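A.B. asks: Sharing a structure, written as structure tokens. Questions coming.
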Amino acid sequence: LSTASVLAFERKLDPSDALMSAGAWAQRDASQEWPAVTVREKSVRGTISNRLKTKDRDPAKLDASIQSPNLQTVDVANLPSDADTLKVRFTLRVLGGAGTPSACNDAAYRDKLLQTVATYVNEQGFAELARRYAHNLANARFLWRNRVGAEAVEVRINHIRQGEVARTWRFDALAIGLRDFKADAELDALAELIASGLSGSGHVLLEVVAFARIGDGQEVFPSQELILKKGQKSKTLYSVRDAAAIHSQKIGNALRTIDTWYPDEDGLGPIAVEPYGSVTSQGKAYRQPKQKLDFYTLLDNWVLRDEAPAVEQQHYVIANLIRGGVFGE
Amino acid sequence: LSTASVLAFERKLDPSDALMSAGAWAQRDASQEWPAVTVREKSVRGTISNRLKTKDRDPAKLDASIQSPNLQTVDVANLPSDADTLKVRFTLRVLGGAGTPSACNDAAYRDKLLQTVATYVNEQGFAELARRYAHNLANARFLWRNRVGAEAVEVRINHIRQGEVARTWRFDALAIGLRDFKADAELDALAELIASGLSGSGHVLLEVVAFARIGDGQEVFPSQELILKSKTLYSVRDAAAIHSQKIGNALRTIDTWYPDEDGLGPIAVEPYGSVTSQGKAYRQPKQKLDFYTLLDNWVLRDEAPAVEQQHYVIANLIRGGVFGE
Amino acid sequence: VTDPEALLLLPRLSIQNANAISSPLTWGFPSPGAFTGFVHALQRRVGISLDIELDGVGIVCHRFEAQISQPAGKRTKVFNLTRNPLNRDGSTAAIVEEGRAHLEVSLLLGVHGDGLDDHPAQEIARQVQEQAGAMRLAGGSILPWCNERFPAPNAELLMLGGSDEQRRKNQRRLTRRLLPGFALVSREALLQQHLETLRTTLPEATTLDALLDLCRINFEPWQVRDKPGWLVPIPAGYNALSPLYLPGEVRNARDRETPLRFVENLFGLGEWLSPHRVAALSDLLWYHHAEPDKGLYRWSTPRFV
Amino acid sequence: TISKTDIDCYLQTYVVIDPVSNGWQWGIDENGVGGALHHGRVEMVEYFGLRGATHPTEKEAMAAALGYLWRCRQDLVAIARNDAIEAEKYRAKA
Amino acid sequence: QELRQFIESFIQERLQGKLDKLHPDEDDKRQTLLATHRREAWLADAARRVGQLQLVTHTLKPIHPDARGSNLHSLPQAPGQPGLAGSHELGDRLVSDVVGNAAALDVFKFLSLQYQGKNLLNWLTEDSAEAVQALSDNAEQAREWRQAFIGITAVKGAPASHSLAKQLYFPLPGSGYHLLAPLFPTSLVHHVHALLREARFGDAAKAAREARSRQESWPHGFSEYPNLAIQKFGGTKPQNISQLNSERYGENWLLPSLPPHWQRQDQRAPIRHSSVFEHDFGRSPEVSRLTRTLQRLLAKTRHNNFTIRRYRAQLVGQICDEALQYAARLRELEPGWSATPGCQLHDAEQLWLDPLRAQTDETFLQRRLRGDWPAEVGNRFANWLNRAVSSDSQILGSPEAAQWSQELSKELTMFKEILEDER
DNA sequence: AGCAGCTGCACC
């Protein structure tokens with residue numbers, strides 16, 4: 001009747017830290033002994049390229065600043081001179097129990113919410129969302145900056161059931177682009193596996209490897225840390241067990257960018273699934289609450305006022321419930 | 001319409017760390033198994049060649065200029081005694097997407113910037129910038145102190161299409177000067193390939209090798225490390241190398257349009273275009289010809305500068321960096 | 001508390017982003033109350049269908065890597081954070097400080113109930129291991145362990161299943177399977193001994209724990225004074241401030257069928273021993289103790305000394 | 001007005017002075033605790049041992065350690081100066 | 001009424017700074033600063049301004065700062081069960097935290113104006129001459145302002161935890177749960193941080209560190225507090241969270257609960273050196289501070305033997321503990337590191353360190369590793385551990401060396417007993 | 001011509 005004062009949803013489609021190794025192409029068959037790339041602190045000499053704030057100063061000091069070099073120490077990680085292939089490996093744990101909340105004040109809100117999610121999974125199964133997630137794993141969207149100049153990316157996904165593999169998939173990640181959502185047989189099979197895993201019967205284990213032919217001795221990019229003036233490291237790179245790696249949240253945002261239904265020129269591309277759907281690279285928060293298409297108003301319009309959005313906005317609401325969140329008034 | 005607080009631009013034209021080996025001339029073709037030039041730590045015994053301080057000019061402590069062998073230890077890289085040719089090898093990737101930022105806080109400024117860069121590429125394509133990058137490849141400016149006395153320098157550029165060669169260029173770095181941008185057919189073909197990579201019609205990864213004929217036993221110069229001994233040369237896997245930022249600075253020396261007396265030579269592309277080794281910064285912000293004033297006049301106020309200034313602005317966008325409030 | 005009829009060894013558990021902040025004052029290893037709550041939750045999920053009551057858990061901590069950075073120019077350390085999305089119009093949110101740490105800890109917990117007689121001899125351990133994987137341990141997901149070289153099986157050993165030398169042989173064979181790590185035990189009596197010898201007409205406030213936590217190089221006519229072992233302050237349960245409220249009384253509650261109490265932390269000592277100087281692996285097991293009318297919602301290892 | 005002894009108050013804890021069979025060897029401690037058992041880690045020079053001369057008197061080895069700290073390892077001196085500024089800012093407070 | 005001059009000082013020292021921090025050149029805006037922020041309409045608005053609560057050990061703002069629950073003022077009941085402590089249920093009394101709106105904190109700054117103590121002014125229940133100093137025009141509005149200042153500093157509203165605070169179940173003995181919503185104890189985190197600031201930046205530590213820089217004696221000693229961590233609650237302005245969060249800006253100053261081996265990652269195999277006890281065991285990072293402290297302890301007085309013999313025994317127990325853990329963690333490198341042709345064979349110690357090598361070379365090693373019974377590897381360890389003694393005739397002539405050999409032989413017998421059942 | 005929501009704003 002009234003809204004639940006607390007509401008929470010645990011995260012499904014669990015990613016992991018993706019370890020990165022180096023090795024040559026056409027050796028992807030026995031690609032299990034590859035040495036991992038390490039982070040290295042190198043010191044650089046550059047110029048003063050930032051724009052100046054001419055307040056309470058003199059032109060002589062800032063002019064002698066821009067004539068003087070800038071001494072920094074950064075952290076980089078590059079492939080060796082006999083290795084042009086970056087191998088990015090991670091584990092995906094698709095849990096199950098999609099629409100079941102993890103916190104609720106009222107019994108009435110929980111009853112009505114499980115009723116509406118039940119009518120959703122009856123009348124439209126996890127078929128668009130699973131195809132969208134399997135396409136986001138099909139292209140190397142998790143290899144964020146290592147894909148902008150790669151000649152070819154080969155993605156192998158193995159389904160590990162009890163102690164070993166049972167099904168292998170081998171995708172070419174550039175044919176399946178970053179904007180189109182088509183229907184293939186092996187992609188529909190992978191979407192069927194993710195659909196069977198999201199419904200509570202089991203928690204399925206996928207292992208994903210990605211071979212990217214970047215260039216001989218070129219630069220690869222792990223993720224940078226958020227640390228909030230001489231001898232200080234400006235750029236710190238992520239490396240777990242002395243091996244360079246990307247965060248789990250970066251991979252989650254990468255394989256979560258499937259939202260192609262947003263009311264301000266949705267043909268630019270799929271964006272991240274979020275309440276007040278925001279792309280931090282663009283700075284613009286689509287699905288504005290001034291418009292009637294945010295997650296909160298659509299959810300409590302579905303479960304409290306018995307109205308219903310279209311087929312697309314409820315797919316967005318169910319995908320936000322799959323992602324997780326902490327809401328409540 | 002105002003300038004974004006965060007504006008980030010990714011580097012196009014990414015080179016690799018250039019590795020050094022040694023061998024003989026007339027074996028340039030089968031130069032695959034050439035032994036790598038190794039940095040050796042040596043100790044030298046010198047004198048006091050610095051000017052004396054206000055404290056070291058005393059009468060009883062004037063012995064520093066008299067009795068001081070000064071006992072230093074440095075790093076040194078030389079050629080083997082039966083080899084007169086130094087080989088420097090690196091890979092150069094050119095990406096494309098020159099005017100699209102990687103981070104922004106205002107999307108109206110982003111659409112204005114994309115419209116401005118598309119207006120540029122529609123009117124003035126990547127014909128001058130790719131020609132200047134190809135001329136900085138065709139002469140071995142990547143060999144910084146390794147070119148200054150060499151009897152014969154030859155560069156060789158291969159196109160890595162799938163895993164192997166698609167096109168071979170074999171340029172003489174001593175016929176092509178270091179201060180003028182002339183014309184040639186193969187240089188124009190390399191400029192067309194670099195422009196095709198920079199515009200986005202293909203993937204360009206080149207293999208650039210360079211032979212400098214120094215002579216037997218001579219001193220070759222790799223990059224010197226910055227330490228935040230007093231001389232530490234750079235080496236990856238026990239082989240002397242040049243840094244990728246020095247190689248990228250060698251191909252960024254395309255700026256023959258600046259507010260100074262530009263009859264001297266090309267400089268590197270920087271905002272407030274600075275040669276800190278010469279101590280003078282051209283394109284000072286007092287004269288309205290640095291990158292920020294032209295970018296805030298072209299995007300915000302629709303005041304287009306001259307075509308050479310547009311070339312310099314697009315080159316500064318290719319270099320990338322942190323622009324914003 | 002009660003004595004176990006069997007001990008269940010979960011092998012080397014890998015946790016990706018655990019809560020390195022375990023208190024308002026102590027950082028590092030997570031609270032052991034998180035581990036006891038994990039075993040209680042695993043009893044709620046899988047302990048009921050097998051008829052096993054699961055209490056008491058050991059903590060062996062094979063390795064620990066905290067996502068911290070020392071700033072250049074300061075002695076102390078700060079945390080590597082993650083980035084949050086925009087609020088409503090496009091603006092960077094207020095950053096919340098959450099410490100993260102990669103952990104590898106294996107568990108030994110106490111099977112106590114009447115669900116194993118002779119028939120499900122090893123299936124109980126496998127089912128608890130398959131239910132423990134799709135859970136969390138300190139706020140972080142347990143790693144799936146995809147195929148690298150060889151797996152790590154579960155174990156179930158009955159302390160009553162054999163004679164005295166069978167008890168010692170099975171304990172020696174089990175304690176080698178958790179050997180690269182360090183067990184965490186609770187030492188309340190030692191801290192009370194230190195408070196007894198320290199309080200010589202000078203009152204204490206909290207110095208009995210921060211004095212064992214520091215390193216002093218004080219002089220007795222340098223020298224650095226030493227202790228046996230590694231004595232760390234750990235959060236040993238909660239304490240009550242609020243007189244307890246009805247289930248449907250406090251607004252913005254987590255549920256309205258469980259009484260709420262506003263609580264504060266507690267701080268005690270812990271030692272990181274070896275797996276082979278405890279004389280019984282039926283110890284190291286972390287239990288609850290409520291005494292709900294007073295507060296003092298505590299957790300500790302009993303029957304140790 | 002921070003003298004060298006005010007920085008030397010907080011720089012001293014990165015050294016350790018071990019009496020050996022011939023004299024007073026010294027070494028550098030990374031954690032800044034005096035080279036203790038549980039919390040600290042003292043770096044050993046490569047034979048393995050402390051990076052110090054065998055001074056007869058303890059004042060000589062302490063001065064050699066602290067002069068080598070001031071001469072070579074400037075980041076430790078920076079940490080000691082960052083502590084020494086607040087050491088008198090705390091007196092300026094109370 | 002001697003409070004009145006101290007009162008009219010503070011409003012002037014506020015309004016001067018409000019005029020100065022404006023950069024004024026136009027618009028004639030300062031007149032309202034002369035009108036309101038000089039007279040006692042400031043006092044009427046200070047009576048109007050609320051949000052402040054005068055807490056002690058209960059804040060909900062350090063846990064997700066956009067969460068408005070209930071904040072309390074109660075010291076927890078003194079526990080009789082010994083072994084732990086969670087609050088300042090002892091000396092070094094509280095610091096009276098206050099949570100509220102950041103614009104309203106000038107009212108608390110006026111309350112804490114230390115005219116002969118701020119305890120009898122913030123909780124101004126016992127004032128007699130201050131009343132007519134609050135209003136030197138009447139006696140009605142003076143009592144009204146006194147009640148408005150001292151009454152709002154103890155008020156609750158309703159218990160809440162605004163869906164972003166923590167509340168975690170606790171299993172009861174029989175059956176049932178309690179909800180257990182915790183709070184951040186800012187007075188206790190103030191007091192611990194103040195002790196940690198007094199032990200380092202104080203006068204006594206500055207005095208007793210100068211004596212150590214000079215190798216002296218002095219009345220006392222000092223401490224260090226290693227491996228602290230900073231957790232900064234306020235992002236850029238800490239006034240939103242607490243006044244105590246502004247006095248200790250960010251600066252949680254947490255204490256380490258780490259494992260012993262946390263910053264000790266190293267992966268190496270002793271393929272080069274023959275004997276592994278003399279080399280790469282002393283070169284291990286943790287064993288060196290055990291062995292050097294054992295050399296420090298094996299030359300001392302034997303008068304108070306009951307504690308020093310216990311410490312000397314436990315320091316050898318830790319050494320054999322690390323000795324077993326070395327072989328335990330060397331089984332993660334490879335199943336075999338001795339099958340390759342090497343300059344040093346060193347099979348006597350590598351049969352202990354390569355157990356899965358017998359799984360590979362199942363022909364001769366399967367008979368030889370179970371037929372030879374390697375149990376003299378502890379004797380090689382004892383010859384290395386004998387160099388942890390000092391070469392002094394005074395300790396060698398007495399009978400305490402026989403006691404040292406007794407405890408070392410007992411612990412090495414336990415070591416050999418564990419090493420016997422390694423097959 | 002009177003309400004509830006939203007947004008800009010003031011202050012520390």
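If you're wondering about the labels, chains in the structure tokens are A, B, ... by order shown, residues count from 1 in each chain, ligands from 1 in order shown.
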Do you have, as JSON lines, the list of residues of chain A lying at most 12 Å from chain D, each with its nearest atom pair and that distance in Å to one decimal, counting only C-alpha atoms and ordered by chain then number?

C.D. replies:
```
{"residue": "A:229", "atom": "CA", "partner": "D:78", "partner_atom": "CA", "distance": 11.1}
{"residue": "A:230", "atom": "CA", "partner": "D:75", "partner_atom": "CA", "distance": 9.6}
{"residue": "A:231", "atom": "CA", "partner": "D:75", "partner_atom": "CA", "distance": 8.1}
{"residue": "A:232", "atom": "CA", "partner": "D:75", "partner_atom": "CA", "distance": 10.2}
```

A.B. asks: Write out as a ChimeraX atom specification which residues come within 9 Å of range 215-219 of chain B when counting only C-alpha atoms (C1' of nucleotides), dropping same-chain ones fewer than 2 positions away.

C.D. replies: /B:76-86,146,150-151,213,221

A.B. asks: Hey, list the chain E side of the contact with chain D: 9 Å cut-off, only C-alpha atoms, answer as a PyMOL selection string.

C.D. replies: chain E and resi 197-198+200-203+205-215+223-227+260+282-283+285-286+288-290+292-293+296+390-391

A.B. asks: Can you spit out the residues from that selection as a compact mmCIF listing (two decimals), in the first residue's frame, using N, CA and C atoms?

C.D. replies:
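Writing done, so here's selection.txt:
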```txt
# COMPACT_ATOMS: atom_id res chain seq x y z
N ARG E 197 48.05 11.34 19.71
CA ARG E 197 48.72 12.61 19.44
C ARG E 197 49.59 13.05 20.61
N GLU E 198 49.22 12.70 21.84
CA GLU E 198 50.03 13.05 23.00
C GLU E 198 51.27 12.18 23.14
N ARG E 200 53.20 11.14 20.71
CA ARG E 200 54.18 11.44 19.68
C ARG E 200 54.58 12.90 19.63
N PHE E 201 53.61 13.80 19.46
CA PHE E 201 53.89 15.22 19.25
C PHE E 201 53.97 16.00 20.55
N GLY E 202 53.93 15.32 21.69
CA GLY E 202 53.90 15.99 22.97
C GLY E 202 55.25 16.52 23.41
N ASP E 203 55.27 17.01 24.64
CA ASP E 203 56.50 17.52 25.22
C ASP E 203 57.38 16.40 25.76
N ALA E 205 57.53 13.23 24.71
CA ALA E 205 58.15 12.48 23.62
C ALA E 205 59.27 13.28 22.96
N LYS E 206 59.09 14.60 22.83
CA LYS E 206 60.15 15.45 22.31
C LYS E 206 61.35 15.49 23.25
N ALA E 207 61.11 15.42 24.56
CA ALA E 207 62.21 15.39 25.51
C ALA E 207 62.92 14.04 25.49
N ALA E 208 62.17 12.94 25.42
CA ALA E 208 62.76 11.61 25.51
C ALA E 208 63.26 11.08 24.18
N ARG E 209 63.01 11.78 23.07
CA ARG E 209 63.62 11.42 21.80
C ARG E 209 64.97 12.10 21.61
N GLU E 210 65.11 13.32 22.14
CA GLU E 210 66.40 14.01 22.12
C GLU E 210 67.44 13.25 22.93
N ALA E 211 67.02 12.56 23.99
CA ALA E 211 67.95 11.75 24.76
C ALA E 211 68.39 10.52 23.98
N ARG E 212 67.51 9.96 23.15
CA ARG E 212 67.89 8.79 22.38
C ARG E 212 68.73 9.16 21.18
N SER E 213 68.55 10.36 20.66
CA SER E 213 69.40 10.77 19.52
C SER E 213 70.85 10.87 20.00
N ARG E 214 71.03 11.08 21.32
CA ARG E 214 72.33 11.26 22.01
C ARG E 214 72.72 10.05 22.88
N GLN E 215 71.98 8.94 22.87
CA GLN E 215 72.32 7.72 23.65
C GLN E 215 72.57 8.04 25.12
N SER E 223 57.14 5.78 22.83
CA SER E 223 56.50 4.79 21.97
C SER E 223 56.35 5.33 20.55
N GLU E 224 55.85 4.48 19.65
CA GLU E 224 55.91 4.78 18.22
C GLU E 224 54.59 4.71 17.47
N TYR E 225 53.74 3.71 17.79
CA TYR E 225 52.45 3.43 17.16
C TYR E 225 52.56 3.22 15.65
N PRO E 226 53.05 2.08 15.18
CA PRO E 226 53.24 1.89 13.74
C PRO E 226 51.98 1.44 13.03
N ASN E 227 52.03 1.57 11.69
CA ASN E 227 51.01 1.09 10.75
C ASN E 227 49.63 1.69 11.03
N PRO E 260 50.62 -11.50 10.91
CA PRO E 260 52.07 -11.26 11.01
C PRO E 260 52.80 -11.23 9.68
N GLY E 282 68.06 -17.53 7.11
CA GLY E 282 68.37 -16.27 7.74
C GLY E 282 68.10 -15.09 6.83
N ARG E 283 68.13 -15.33 5.51
CA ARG E 283 67.80 -14.30 4.54
C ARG E 283 66.29 -14.08 4.42
N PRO E 285 62.69 -12.69 5.72
CA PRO E 285 62.50 -11.39 6.37
C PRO E 285 62.14 -11.43 7.85
N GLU E 286 61.44 -12.47 8.30
CA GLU E 286 60.96 -12.51 9.67
C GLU E 286 61.92 -13.21 10.63
N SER E 288 65.13 -13.01 10.87
CA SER E 288 66.28 -12.21 11.29
C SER E 288 66.01 -11.50 12.61
N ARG E 289 64.80 -10.98 12.80
CA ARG E 289 64.48 -10.32 14.06
C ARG E 289 64.17 -11.29 15.18
N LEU E 290 63.95 -12.57 14.86
CA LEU E 290 63.92 -13.59 15.90
C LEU E 290 65.34 -13.95 16.34
N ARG E 292 68.22 -12.23 15.93
CA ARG E 292 68.98 -11.15 16.54
C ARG E 292 68.49 -10.86 17.95
N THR E 293 67.18 -10.99 18.18
CA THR E 293 66.67 -10.87 19.54
C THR E 293 67.08 -12.06 20.40
N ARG E 296 70.39 -11.20 21.49
CA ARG E 296 70.24 -10.19 22.53
C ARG E 296 69.81 -10.80 23.86
N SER E 390 75.82 -16.22 22.10
CA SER E 390 76.97 -15.33 22.15
C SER E 390 78.20 -16.08 22.63
N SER E 391 79.35 -15.71 22.08
CA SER E 391 80.62 -16.37 22.41
C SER E 391 81.20 -15.72 23.66
```

A.B. asks: Compute the set of chain C residues within 10 Å of chain B, using only C-alpha atoms, and express it as an MDAnalysis selection string.

C.D. replies: chainID C and resid 90:92

A.B. asks: What are the DSSP strand (DSSP E or B) residues of range 38-131 of chain B, as an MDAnalysis selection string?

C.D. replies: chainID B and resid 39:44 72:78 85:94 103:104

A.B. asks: List as a Markdown table every residue of chain F that is in contact with chain E, defined as an atom at most 10 Å from one of its atoms (using only C-alpha atoms (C1' of nucleotides)), together with the nearest atom pair and the distance in Å rounded to one decimal, sorted by chain and then rising number.

C.D. replies:
```
| residue | atom | partner | partner_atom | distance |
| --- | --- | --- | --- | --- |
| F:10 | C1' | E:103 | CA | 8.4 |
| F:11 | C1' | E:103 | CA | 4.6 |
| F:12 | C1' | E:103 | CA | 4.7 |
```

A.B. asks: Using only C-alpha atoms (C1' of nucleotides), which residues sit within 7 Å of range 311-318 of chain B once same-chain residues fewer than 2 positions away are excluded, as a PyMOL selection string?

C.D. replies: chain B and resi 9+11-12+98-99+255+269-270+291+307-309+320

A.B. asks: Restricted to N, CA, C and O atoms, what would the selected residues look like written as a PDB file, in the first residue's frame?

C.D. replies:
```pdb
ATOM      1  N   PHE B   9      41.973  13.933 -23.124  1.00  0.00           N
ATOM      2  CA  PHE B   9      42.172  13.478 -24.492  1.00  0.00           C
ATOM      3  C   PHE B   9      43.247  12.406 -24.539  1.00  0.00           C
ATOM      4  O   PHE B   9      44.359  12.609 -24.036  1.00  0.00           O
ATOM      5  N   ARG B  11      45.969   9.705 -26.156  1.00  0.00           N
ATOM      6  CA  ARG B  11      47.082   9.838 -27.084  1.00  0.00           C
ATOM      7  C   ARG B  11      46.859   8.968 -28.317  1.00  0.00           C
ATOM      8  O   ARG B  11      46.646   7.755 -28.207  1.00  0.00           O
ATOM      9  N   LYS B  12      46.844   9.599 -29.484  1.00  0.00           N
ATOM     10  CA  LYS B  12      47.088   8.907 -30.737  1.00  0.00           C
ATOM     11  C   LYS B  12      48.579   8.980 -31.041  1.00  0.00           C
ATOM     12  O   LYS B  12      49.319   9.734 -30.404  1.00  0.00           O
ATOM     13  N   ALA B  98      40.470  11.719 -33.473  1.00  0.00           N
ATOM     14  CA  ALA B  98      41.408  12.704 -32.947  1.00  0.00           C
ATOM     15  C   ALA B  98      40.734  13.699 -32.014  1.00  0.00           C
ATOM     16  O   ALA B  98      41.359  14.184 -31.064  1.00  0.00           O
ATOM     17  N   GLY B  99      39.471  14.023 -32.259  1.00  0.00           N
ATOM     18  CA  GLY B  99      38.800  15.070 -31.518  1.00  0.00           C
ATOM     19  C   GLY B  99      37.771  14.624 -30.504  1.00  0.00           C
ATOM     20  O   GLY B  99      37.036  15.471 -29.985  1.00  0.00           O
ATOM     21  N   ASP B 255      55.946  21.647 -35.638  1.00  0.00           N
ATOM     22  CA  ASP B 255      55.408  22.995 -35.469  1.00  0.00           C
ATOM     23  C   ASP B 255      56.371  24.011 -36.071  1.00  0.00           C
ATOM     24  O   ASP B 255      57.326  24.439 -35.418  1.00  0.00           O
ATOM     25  N   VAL B 269      55.064  20.087 -30.312  1.00  0.00           N
ATOM     26  CA  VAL B 269      53.717  20.612 -30.132  1.00  0.00           C
ATOM     27  C   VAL B 269      53.372  20.546 -28.650  1.00  0.00           C
ATOM     28  O   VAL B 269      53.223  19.461 -28.085  1.00  0.00           O
ATOM     29  N   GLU B 270      53.261  21.709 -28.015  1.00  0.00           N
ATOM     30  CA  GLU B 270      52.864  21.831 -26.623  1.00  0.00           C
ATOM     31  C   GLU B 270      51.931  23.022 -26.469  1.00  0.00           C
ATOM     32  O   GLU B 270      52.027  23.989 -27.234  1.00  0.00           O
ATOM     33  N   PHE B 291      47.430  27.470 -27.230  1.00  0.00           N
ATOM     34  CA  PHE B 291      46.397  26.489 -27.555  1.00  0.00           C
ATOM     35  C   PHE B 291      45.075  26.790 -26.861  1.00  0.00           C
ATOM     36  O   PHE B 291      44.007  26.569 -27.446  1.00  0.00           O
ATOM     37  N   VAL B 307      44.574  28.831 -40.648  1.00  0.00           N
ATOM     38  CA  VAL B 307      44.606  27.404 -40.958  1.00  0.00           C
ATOM     39  C   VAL B 307      45.814  26.725 -40.325  1.00  0.00           C
ATOM     40  O   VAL B 307      45.738  25.558 -39.914  1.00  0.00           O
ATOM     41  N   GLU B 308      46.930  27.447 -40.199  1.00  0.00           N
ATOM     42  CA  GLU B 308      48.099  26.906 -39.514  1.00  0.00           C
ATOM     43  C   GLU B 308      47.840  26.767 -38.018  1.00  0.00           C
ATOM     44  O   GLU B 308      48.290  25.802 -37.385  1.00  0.00           O
ATOM     45  N   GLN B 309      47.090  27.710 -37.446  1.00  0.00           N
ATOM     46  CA  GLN B 309      46.700  27.598 -36.047  1.00  0.00           C
ATOM     47  C   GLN B 309      45.715  26.458 -35.829  1.00  0.00           C
ATOM     48  O   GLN B 309      45.756  25.800 -34.782  1.00  0.00           O
ATOM     49  N   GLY B 320      47.060  14.916 -26.942  1.00  0.00           N
ATOM     50  CA  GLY B 320      46.212  14.589 -25.818  1.00  0.00           C
ATOM     51  C   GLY B 320      46.678  15.235 -24.531  1.00  0.00           C
ATOM     52  O   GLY B 320      47.741  15.852 -24.449  1.00  0.00           O
TER      53      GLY B 320
END
```

A.B. asks: Which residues of chain A sit at most 10 Å from chain B, using only C-alpha atoms? Give each one's shortest atom pair and distance in Å (one decimal place), in chain and ascending residue order, as a Markdown table.

C.D. replies:
```
| residue | atom | partner | partner_atom | distance |
| --- | --- | --- | --- | --- |
| A:25 | CA | B:163 | CA | 8.8 |
| A:26 | CA | B:163 | CA | 9.9 |
| A:42 | CA | B:226 | CA | 8.1 |
| A:43 | CA | B:226 | CA | 5.6 |
| A:44 | CA | B:226 | CA | 6.8 |
| A:45 | CA | B:226 | CA | 7.8 |
| A:46 | CA | B:276 | CA | 8.7 |
| A:47 | CA | B:274 | CA | 6.8 |
| A:48 | CA | B:272 | CA | 8.0 |
| A:49 | CA | B:271 | CA | 5.4 |
| A:50 | CA | B:323 | CA | 6.7 |
| A:51 | CA | B:323 | CA | 7.3 |
| A:52 | CA | B:325 | CA | 9.0 |
| A:53 | CA | B:325 | CA | 9.0 |
| A:59 | CA | B:286 | CA | 9.0 |
| A:63 | CA | B:284 | CA | 7.8 |
| A:64 | CA | B:279 | CA | 8.6 |
| A:65 | CA | B:281 | CA | 9.6 |
| A:66 | CA | B:281 | CA | 6.5 |
| A:67 | CA | B:281 | CA | 5.1 |
| A:68 | CA | B:276 | CA | 5.5 |
| A:69 | CA | B:276 | CA | 5.7 |
| A:70 | CA | B:276 | CA | 9.3 |
| A:71 | CA | B:228 | CA | 8.4 |
| A:72 | CA | B:228 | CA | 8.5 |
| A:73 | CA | B:228 | CA | 7.8 |
| A:78 | CA | B:16 | CA | 8.8 |
| A:79 | CA | B:16 | CA | 9.5 |
| A:80 | CA | B:236 | CA | 8.7 |
| A:81 | CA | B:19 | CA | 8.7 |
| A:145 | CA | B:10 | CA | 9.7 |
| A:148 | CA | B:95 | CA | 7.4 |
| A:149 | CA | B:95 | CA | 5.9 |
| A:150 | CA | B:203 | CA | 8.2 |
| A:151 | CA | B:203 | CA | 6.9 |
| A:152 | CA | B:162 | CA | 9.4 |
| A:213 | CA | B:162 | CA | 9.8 |
| A:214 | CA | B:93 | CA | 9.0 |
| A:215 | CA | B:205 | CA | 7.1 |
| A:216 | CA | B:91 | CA | 6.6 |
| A:217 | CA | B:16 | CA | 6.0 |
| A:218 | CA | B:16 | CA | 5.4 |
| A:219 | CA | B:16 | CA | 7.5 |
| A:230 | CA | B:228 | CA | 8.1 |
| A:231 | CA | B:228 | CA | 5.9 |
| A:232 | CA | B:228 | CA | 9.2 |
| A:279 | CA | B:103 | CA | 9.9 |
| A:280 | CA | B:103 | CA | 7.6 |
| A:281 | CA | B:103 | CA | 4.6 |
| A:282 | CA | B:104 | CA | 5.4 |
| A:283 | CA | B:105 | CA | 4.3 |
| A:284 | CA | B:107 | CA | 6.4 |
```

A.B. asks: Distance cut-off 9 Å, counting only C-alpha atoms - which residues of chain A neighbour chain C? Return them as a PyMOL selection string.

C.D. replies: chain A and resi 5-6+14+16-17+32+91-93+95+103-106+160+163-165+203+205-207+225-233+240-241+247+249+274+276-280+282-286+288-289+328-329

A.B. asks: As a VMD selection string, please: the residues near range 270-272 of chain E (cut-off 10 Å, only C-alpha atoms (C1' of nucleotides), same-chain neighbours under 3 positions excluded).

C.D. replies: chain E and resid 275 to 276 279 to 281 337 to 338 340 342 to 346 350 353

A.B. asks: For the interface of range 76-139 of chain C with range 24-39 of chain C (cut-off 8 Å, counting only C-alpha atoms), please tabulate each contacting residue of range 76-139 of chain C alongside its nearest pair of atoms and their separation in Å to one decimal, rows sorted by chain and increasing number, as JSON lines.

C.D. replies:
```
{"residue": "C:109", "atom": "CA", "partner": "C:39", "partner_atom": "CA", "distance": 7.7}
{"residue": "C:136", "atom": "CA", "partner": "C:38", "partner_atom": "CA", "distance": 7.5}
{"residue": "C:137", "atom": "CA", "partner": "C:38", "partner_atom": "CA", "distance": 6.1}
{"residue": "C:138", "atom": "CA", "partner": "C:34", "partner_atom": "CA", "distance": 5.8}
```
